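Q: Just passing along the structure, written as structure tokens.
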Amino acid sequence: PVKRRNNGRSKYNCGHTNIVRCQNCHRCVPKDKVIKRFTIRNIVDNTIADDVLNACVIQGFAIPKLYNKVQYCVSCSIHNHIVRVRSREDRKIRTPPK
Amino acid sequence: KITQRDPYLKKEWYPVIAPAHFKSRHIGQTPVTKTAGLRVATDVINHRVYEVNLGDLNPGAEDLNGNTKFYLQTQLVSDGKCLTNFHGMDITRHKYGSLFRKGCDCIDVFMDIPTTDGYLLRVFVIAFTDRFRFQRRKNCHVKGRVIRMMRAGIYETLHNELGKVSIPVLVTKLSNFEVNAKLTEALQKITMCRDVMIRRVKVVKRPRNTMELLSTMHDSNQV
Amino acid sequence: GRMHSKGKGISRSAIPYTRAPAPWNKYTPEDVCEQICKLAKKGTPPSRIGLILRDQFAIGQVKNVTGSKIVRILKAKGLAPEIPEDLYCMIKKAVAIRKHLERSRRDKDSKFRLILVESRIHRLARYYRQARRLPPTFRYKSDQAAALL
Amino acid sequence: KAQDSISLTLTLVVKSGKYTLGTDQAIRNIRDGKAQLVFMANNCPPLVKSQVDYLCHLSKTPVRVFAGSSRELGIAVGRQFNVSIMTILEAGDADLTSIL
Amino acid sequence: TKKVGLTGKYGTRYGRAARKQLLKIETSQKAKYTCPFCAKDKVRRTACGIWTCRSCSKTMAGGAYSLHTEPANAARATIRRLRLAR
Amino acid sequence: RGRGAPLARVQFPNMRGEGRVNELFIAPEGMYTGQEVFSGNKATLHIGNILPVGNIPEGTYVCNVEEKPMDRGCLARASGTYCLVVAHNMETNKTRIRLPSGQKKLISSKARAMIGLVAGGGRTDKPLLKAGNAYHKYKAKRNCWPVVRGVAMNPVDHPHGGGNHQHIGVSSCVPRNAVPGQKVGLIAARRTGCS
Amino acid sequence: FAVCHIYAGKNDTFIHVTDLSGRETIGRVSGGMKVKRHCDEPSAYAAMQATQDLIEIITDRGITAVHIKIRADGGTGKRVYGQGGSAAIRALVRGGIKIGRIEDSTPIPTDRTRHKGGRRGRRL
Amino acid sequence: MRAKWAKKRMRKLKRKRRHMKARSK
RNA sequence: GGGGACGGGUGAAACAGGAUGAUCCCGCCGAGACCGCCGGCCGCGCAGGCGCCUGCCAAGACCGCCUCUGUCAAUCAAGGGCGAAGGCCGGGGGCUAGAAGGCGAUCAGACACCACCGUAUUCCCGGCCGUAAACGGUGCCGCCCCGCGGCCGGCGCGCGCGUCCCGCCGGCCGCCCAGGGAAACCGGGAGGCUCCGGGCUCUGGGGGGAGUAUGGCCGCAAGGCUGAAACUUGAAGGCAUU
């Protein structure tokens with residue numbers, strides 16, 4: 001049986017996509033199939049943010065954010081709970097949930 | 001800190017003074033060892049480079065200033081003061097990430113800029129495209145003709161602004177942010193564009209005996 | 001469908017139902033036939049002769065105003081292209097890609113377009129040779145193509 | 001654009017205007033003033049280049065270099081022989097790329 | 001007449017590698033090249049590095065088995081760019 | 001006769017007197033008969049011209065480079081071989097040249113070199129193929145051929161010498177300070193073997 | 001007002017204080033000289049303990065404040081700070097020390113060489 | 001990959017067989 | 001240059017590295033690859049494939065048209081060209097990973113996974129090879145076919161008028177009413193088909209033996225393309241459901 005119309009990849013009108021590597025596994029994964037969750041976090045944890053913010057002698061400097069695109073291989077994603085195995089019914093849902 | 005008072009015992013601190021353009025010229029104190037062998041303390045502190053936020057340089061609006069960081073290098077250790085000159089300008093890594101958003105197209109230009117003082121500089125300029133005020137289509141993608149019109153606009157404007165510029169005024173143009181603003185006016189007419197600014201300005205070639213220039217920049221508040 | 005590409009497009013020209021000359025147009029058959037003859041003196045191709053009559057003059061359809069198409073007018077005067085323009089225009093393209101190929105030996109993509117263009121020149125030539133609009137002796141080779149243009 | 005015109009101008013001249021291909025006929029034509037434009041080549045032998053450019057200055061007849069090669073010029077005039085110097089002894093149709 | 005076109009002189013001798021290498025080099029050595037000066041295909045080799053046009057009558061220094069060589073074509077191009085700069 | 005690269009006869013005005021002085025120059029590839037070879041500190045950058053190494057922009061292939069100024073050529077003289085301008089130190093007035101072996105040598109900026117690479121490139125690509133083809137190569141050069149192996153020779157004739165089974169019998173590697181008759185084989189070998 | 005480079009990565013964490021140029025170091029100590037278990041060198045506990053010893057040195061060298069430069073292993077791998085980074089930063093605040101500026105200094109590749117592990121990845 | 005591993009095994013038998021035919025010519 | 005005891009590595013480790021002062025930090029420098037984030041239900045290409053910056057060259061599809069010709073067409077053995085990676089050949093190059101090799105830990109044994117070092121390779125130029133789950137597992141040209149979307153490139157319409165709106169043509173797509181199908185599903189077809197016939201090529205005929213044997217052709221080789229039989233067997237398989 002064919003599990004997904006997409007085939008697990010977003011390749012449309014193309015025959016090849018640029019390879020990327022899992023950040024955790026290091027497996028080469030075509031760009032279309034990578035999980036690709038972008039994260040914008042803070043340079044220090046919120047629990048330390050209060051104390052760092054008090055420490056700074058500068059007038060108005062916020063803890064500067066860290067931006068990284070994490071791209072994960074399928075196995076790395078299911079093991080680290082980035083994505084979950086869903087039912088044939090909910091597999092179609094595309095909107096980011098929670 | 002260690003002169004008044006095992007390796008640190010034999011040391012001294014020689015204060016570093018920034019170019020006159022910056023409101024807080026005093027920046028830091030550099031640790032040096034006491035003279036031994038053929039290793040005089042002044043020779044070691046002569047070519048060190050310090051990276052200073054424009055917020056620390058001109059203390060004021062962090063939002064409008066602290067994102068840019070200037071590299072200033074000692075050129076003369078005179079009167080115990082490590083006088084410094086431009087070694088580069090750069091936006092912080094946090095500014096660099098904040099500028100990129102999926103759905104947008106990025107135009108990024110680099111130009112070799114020649115100065116009267118004999119420095120070849122490299123301007124790394126970053127630009128981004130944004131949504132129109134009343135646009136149904138969600139993604140801010142521009143057709144190729146506009147991107148090339150935009151690429152030309154930054155290249156032409158940079159010749160107009162930094163083409164005949166000398167290092168002393170360039171440092172003030174880079175710290176007053178006029179060049180970023182002229183580039184935004186030029187790009188604005190072509191298409192709505194955001195974050196048009198210079199990401200970095202680095203010295204490809206530095207002239208020798210730049211000491212007369214160093215006097216004009218570090219000192220000579222009049223000039 | 002395009003002969004040498006997996007591309008489908010329809011951008012045709014829709015000739016009017018009326019095959020009779022327009023009221024605003026004031027050109028007699030001789031008046032436009034004269035323009036066609038002077039345009040042949042400039043050497044303009046019949047595709048351009050038809051366009052020039054359409055825009056500078058108002059004769060959008062020549063056959064409507066006259067009784068014959070541009071090349072019928074030319075053939076009657078014996079002033080028609082010796083090599084039909086369609087083949088000639090392909091031959092210009094074949095030499096132009098061949099010139100570029102002489103400088104660059106690694107444009108495999110350019111070489112491919114040449115095989116397709118050359119294949120048309122052969123296909124249209126066999127039709128033109130059978131119709132006898134081309135002398136039966138005519139052969140498009142390739143190396144000798146520069147002289148043929 | 002200028003190149004597109006250069007190829008077009010010499011093809012229209014071959015069919016419409018008179019011209020002479022070769023150095024000897026060119027020296028003869030410039031000297032009598034019967035040349036309107038003279039087009040040289042990149043590989044013109046150097047003495048011939050100077051002589052044609054002096055006698056062209058003395059007759060005030062424009063001399064322009066072709067983008068390249070006696071061979072490439074020759075294929076442009078439509079011939080299978082190399083042409084170092086070609087002289088436009090009269091243009092029936094189009095002489096726009098005689099710029100300066 | 002088939003695979004060993006100019007290397008038939010050697011006969012069944014010297015092995016395939018030498019004959020295949022010779023076929024490339026010997027074809028290039030015996031070839032006619034275009035004079036840079038007269039633009040005619042009459043340059044032929046007199047000795048390694050010495051190539052003479054039989055129409056232009058000009059002798060030019062060149063590759064041992066080719067009038068021009070791949071390292072040298074790169075060098076002229078770099079020299080022109082660098083000369084334009086200085 | 002022995003060079004695998006062409007030479008060139010170039011005529012120069014006699015600066016001392018009234019005649020024309022002829023010089024023999026390794027030909028850089030591209031030198032043609034009737035070419036204007038300039039030489040000097042105001043020379044332009046064209047193939048065949050001789051300029052001081054400091055004057056030559058960096059990345060330029062150069063041949064017949066002098067190691068020490070006024071030596072009239074010492075480096076980059078064989079067929080196809082060239083050197084490369086790498087860096088100019090305008091405080092020491094010295095230049096780094098990439099030697100044809102890839103070693104890098106600081107040389108005075110007042111040393112002179114010819115722009116271009118030695119002509120004759122690709123000469124060793126062709127197999128000699130025959131032993132006669134090689135007899136001709138060496139007759140023009142020196143008595144260095146045919147080459148006999150010591151293992152074939154007798155103990156009196158060579159150190160590898162002669163036993164019952166043609167063996168070297170001891171390591172080929174010989175010290176750098178091995179005396180005259182003994183320094184035979186691989187000398188001061190840092191390593192040996194294919195890799 | 002020195003610069004604190006906390007390199008926090010899997011395997012170990014290094015807290016180094018140098019002065020603006022970075023040419024001279026005013027004291028450097030790393031977690032892993034504070035713990036006997038190889039697995040706990042990247043840990044926050046060792047990094048907190050490590051900073052406390054560093055705090056003593058920079059309060060005896062006149063280093064009142066630091067500008068932090070937390071970096072990950074980075075290069076063509078990592079790009080996420082190890083557990084040691086937050087712990088050391090908190091210790092720097094806990095033992096006085098104003099933090100004037102914080103920046104991401106991780107080496108990042110604009111295009112890169114192949115990381116190890118093969119096209120099938122680390123198959124553990 | 002038993003099909004890919006069968007093909008390799010077939011190939012290392014066919015090369016052996018091709019060698020054996022070459023001994024007898 | 002600084003400074004001082006460990007550093008790597010992991011699941012935990014261990015072999016390597018470090019007072020010849022490593023790791024770490026900075027100041028530089030060399031070399032070779034690589035083109036990040038932007039970067040996609042984006043686009044282009046005949047497929048394989050395609051992403052630095054500048055300049056140059058030739059092309060290409062789409063669209064618009066009262067331009068030209070006048071069937072010049074559709075598919076196709078034979079025949080030509082192209083064709084990821086790995087491989088091969090003759091040179092260049094050699095950073096990174098890294099088939100082989102060696103190694104430390106494992107485990108009954110691992111020679112494997114994991115750590116470390118590393119040759120071919122990776123990369124360039126000139127040829128070979130001719131294969132991939134070379135996929136949409138779906139040949140090509142043509143026709144009608146039901147709505148509701150998104151994107152993309154042209155074009156035109158409306159309006160004061162904004163990257164607005166409605167269409168048109170072409171491409172990429174999602175969802176889908178019928179219809180079909182053993183279902184999965186497909187609906188820009190896999191629909192208009194037992195009510196079975198628009199045209200052209202290719203291929204299959206239970207599971208193996210076997211893509212083997214042999215002959216041929218091709219390749220430098222590896223191998224490709226073509227291609228059996230004797231013999232054995234009651235199932236092998238598809239998609240669904242507990």
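Residue names in the structure tokens use chain letters A, B, ... in the order shown, residue numbers from 1 in each chain, and ligand numbers from 1 in the order shown.
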Which neighbours of range 99-116 of chain I fall inside 12 Å, counting only C-alpha atoms (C1' of nucleotides), when residues of the same chain fewer than 5 positions from it are skipped, and could you give them as a ChimeraX atom specification?
A: /G:117-118,120-124 /I:8-17,86-87,121-122
Q: When DSSP works through the backbone of this structure, what residues of chain F end up as alpha helix (DSSP H), shown as a list in words?
A: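 The alpha helix (DSSP H) residues within chain F come out as residues 131, 132, 133, 134, 135, 136, 137, 138 and 139 of chain F.
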Q: Going by DSSP on the backbone, which residues of range 14-173 of chain F come out as strand (DSSP E)? List them as an MDAnalysis selection string.
A: chainID F and resid 20:26 50:52 61:63 83:89 94:98 104:108 112:115 173
Q: Could I get the residues of chain I with an atom no further than 10 Å from an atom of chain F, each paired with its nearest atom pair and that distance in Å to one decimal, using only C-alpha atoms (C1' of nucleotides), sorted by chain and residue number, as JSON lines?
A:
```
{"residue": "I:90", "atom": "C1'", "partner": "F:125", "partner_atom": "CA", "distance": 9.1}
{"residue": "I:91", "atom": "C1'", "partner": "F:125", "partner_atom": "CA", "distance": 8.5}
{"residue": "I:119", "atom": "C1'", "partner": "F:195", "partner_atom": "CA", "distance": 7.2}
```
Q: Skipping near chain neighbours, those fewer than 5 positions away, what residues fall within 9 Å of residue 84 in chain F using only C-alpha atoms (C1' of nucleotides), listed as a list in words?
A: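 Counting only the stated atoms, we get residues 58, 59, 60, 61, 62, 63, 96, 97, 98, 99 and 100 of chain F.
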Q: If you keep N, CA, C and O atoms, can you produce a file of those selected residues as a compact mmCIF listing (two decimals), in the first residue's frame?
A:
```txt
# COMPACT_ATOMS: atom_id res chain seq x y z
N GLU F 58 50.79 39.70 -8.14
CA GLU F 58 50.83 38.33 -7.56
C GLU F 58 49.92 37.35 -8.29
O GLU F 58 48.82 37.75 -8.68
N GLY F 59 50.36 36.10 -8.41
CA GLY F 59 49.59 35.08 -9.15
C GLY F 59 50.10 34.91 -10.55
O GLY F 59 49.53 34.09 -11.29
N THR F 60 51.15 35.65 -10.91
CA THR F 60 51.67 35.61 -12.29
C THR F 60 52.63 34.44 -12.44
O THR F 60 53.51 34.31 -11.59
N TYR F 61 52.43 33.61 -13.45
CA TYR F 61 53.38 32.50 -13.72
C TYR F 61 54.65 33.16 -14.27
O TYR F 61 54.51 34.05 -15.12
N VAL F 62 55.83 32.75 -13.80
CA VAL F 62 57.09 33.40 -14.23
C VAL F 62 58.12 32.31 -14.49
O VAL F 62 57.98 31.25 -13.92
N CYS F 63 59.09 32.57 -15.35
CA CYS F 63 60.12 31.56 -15.70
C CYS F 63 61.51 32.21 -15.70
O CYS F 63 61.55 33.45 -15.76
N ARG F 96 57.77 36.03 -2.08
CA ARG F 96 57.79 34.55 -1.97
C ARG F 96 57.44 33.98 -3.33
O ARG F 96 56.49 34.46 -3.95
N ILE F 97 58.26 33.05 -3.82
CA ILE F 97 58.01 32.44 -5.15
C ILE F 97 57.66 30.97 -4.94
O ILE F 97 58.27 30.35 -4.07
N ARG F 98 56.62 30.47 -5.60
CA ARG F 98 56.35 29.03 -5.47
C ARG F 98 57.24 28.32 -6.48
O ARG F 98 56.97 28.44 -7.68
N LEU F 99 58.25 27.62 -5.99
CA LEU F 99 59.19 26.94 -6.89
C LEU F 99 58.48 25.83 -7.67
O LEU F 99 57.43 25.39 -7.19
N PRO F 100 58.94 25.33 -8.85
CA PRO F 100 58.20 24.31 -9.58
C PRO F 100 57.95 23.04 -8.76
O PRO F 100 57.06 22.32 -9.10
```
Q: Residues of chain F within 6 Å of chain E, counting only C-alpha atoms, what are they? List them as a ChimeraX atom specification.
A: /F:6,29-33,45,119-121,123
